[PDB]
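Residues per chain, in single letters:
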Amino acid sequence: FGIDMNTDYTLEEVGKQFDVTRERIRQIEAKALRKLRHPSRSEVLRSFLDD
Amino acid sequence: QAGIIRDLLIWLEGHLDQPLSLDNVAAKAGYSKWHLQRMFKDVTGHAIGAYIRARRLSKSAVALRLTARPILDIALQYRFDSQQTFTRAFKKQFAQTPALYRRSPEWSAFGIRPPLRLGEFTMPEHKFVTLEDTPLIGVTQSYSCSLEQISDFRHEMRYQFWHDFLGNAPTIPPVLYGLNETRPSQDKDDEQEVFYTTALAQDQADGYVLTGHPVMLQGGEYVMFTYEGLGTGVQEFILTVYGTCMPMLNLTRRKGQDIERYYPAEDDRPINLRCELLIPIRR
Amino acid sequence: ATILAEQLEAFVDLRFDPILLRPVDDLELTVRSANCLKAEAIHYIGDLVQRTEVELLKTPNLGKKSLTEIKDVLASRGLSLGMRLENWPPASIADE
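Quick notes on the rules
- Residues numbered from 1 in each chain as written, not as in the entry; some residues may be left out.
- Chains lettered and ligands numbered in written order.
- Part of a larger assembly, values for the part shown.
- Heavy atoms only, no water.
- Buried < 20%, exposed > 50% of the residue type's maximum accessible area, 1.4 Å probe, protein only.
- Helix = DSSP H or I, 4+ residues; strand = E, 2+ residues; numbered from the N terminus.
- Arc of directions from axis to C-beta.
- Contact = heavy atoms within 4.5 Å.
- Buried area = accessible area lost by both parts, 1.4 Å probe.
- Salt bridge = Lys/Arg side-chain N within 4 Å of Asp/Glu carboxyl O.
- Polar contact = N/O pair within 3.5 Å; in protein donor to acceptor, adjacent residues only side chain to side chain.
- Nonpolar A, V, L, I, M, F, W, Y, C, P; charged D, E, K, R; others polar.

1. A word on helix α3 (residues 69-77) of chain C
Residue and element names in this part refer to chain C. Where α3 is concerned, the buried positions are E69, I70 and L74. One side of α3 carries all its buried residues, which in axial view fall inside an arc of 110 degrees. In this fold, the buried residues of α3 make contact with α2 (45-48). Of the residues flanking the end of α3, it is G78, one or two places downstream, whose phi is positive at about 90 degrees.

Put into structure tokens, the structure is as follows:
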């Protein structure tokens, strides 16, 4: 996503980092939405939702 | 006994969503993981474990065809483990890519498995009709909600549309018309959107100054799904025609606007209204 | 006079556990642990804390994992198995 970085690292640059993988590493991020969708954490981010 | 498994599914159909469940979580129902499994095998005719995650996929298949979410809203939404495995078991259930599945407007009930009742099942009736192009007038608005919210959201879309017009209506039109639409995307064929149109009937009152469009009803084969129940009972009636009567009557509904036929002619007691769900069908 | 009178009265006068409110079906227990206990005509938690577990679980709708939810729920609130209560039932208490 580009937090704390100058450039934004892509799934092929990521594709040599942890694994060759391109689905389950994306499905790591599918857990990342899913572990933050649960409505106790997603409500500090609801204050900035007004756009 | 026979009173157990019937009550377990009243939990389980209501807890097919919330707990991330295998038979270990289902083993908190009086006996062990095997004996509760042993008690299910003979009183039902189904085998519980591979059925439930498939029934939860059958709960997700109608979420894959009539809900407006992408693949990763519903990747692990129904308590799964992976997406490619979810894509894999989908091939052995529907024999179609889920990108291809929400590519086609035709929704055939091949792999949807009906919700099981150990008690007595309220069977709806059918009657195959062929309808006519009828002009009406009504407005449209959209939603993005749950499977249980397929008529919780839909209660207001007819009511404030009716009570705005009833403020300037000298009559009460007694035949109601509601139209659901499935329209997929172009970027990635995993998403859709839904514009719901309730309309006022071109009836004995000629002057109907209502905001909206003159809507010509779709022609072709239809089914007279008449019913007895309140608008909160069409919530489970829409689910028992679309979770069950498309698989159990083995029919494939066709592309087009699903015609609702409510009756407002009996509009406090809870009202047991009568309603038809005239689906455009390809038999 | 009276408005003057009452303003003079500044100087002439001035110098229970909430989950015990609920029946047995209203506690959200496990797969079969809440709907099965009402079948023994036990219409309340206060009526259920009055008895012991020896005369509950042996009915063949009540199971071994319909048993243990009396062990932990009273331990989370501090009650006993057989606790007779003084004022358990609410105003209009009935069954379903």
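Still to come is the rest of the account.
2. Quick look at the side chain of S60(B)
Residue and element names in this part refer to chain B. With respect to the helices and strands, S60 occurs in helix α3 (residues 48-66). Given the relative accessible area of 1%, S60 is considered buried. Contact partners of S60, with chain neighbours within four places excluded, come to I74 and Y78.

3. Considerations on the interface of chain B and chain C
Each side of the interface is counted separately: chain B has 15 residues, and chain C has 13 residues. For the pairing of chain B and chain C, the buried interface totals around 1100 Å² over both sides, and the portion due to carbon and sulfur atoms is 55%. For the chain B face of the interface with chain C, the top three residues by lost area are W11(B), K28(B) and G30(B), together amounting to 43%. Put simply, chain B and chain C have zero salt bridges between them. Linking chain B to chain C there are six residue pairs in polar contact.

4. Quick notes on the interface of chain A and chain B
If you look at the interface, chain A gives eight residues, while chain B gives eleven residues. Buried area between chain A and chain B, both sides added, is near 830 Å², and the carbon and sulfur share of it is 36%. Summed over the shared surface of chain A and chain B, the result is one salt bridge. The closest approach of N and O atoms between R37(A) and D73(B), which form a salt bridge, is 3.0 Å. Inspection of the chain A/chain B interface yields four residue pairs in polar contact. Residue composition of the side of chain A that touches chain B, grouped by class: one nonpolar, one polar and six charged.

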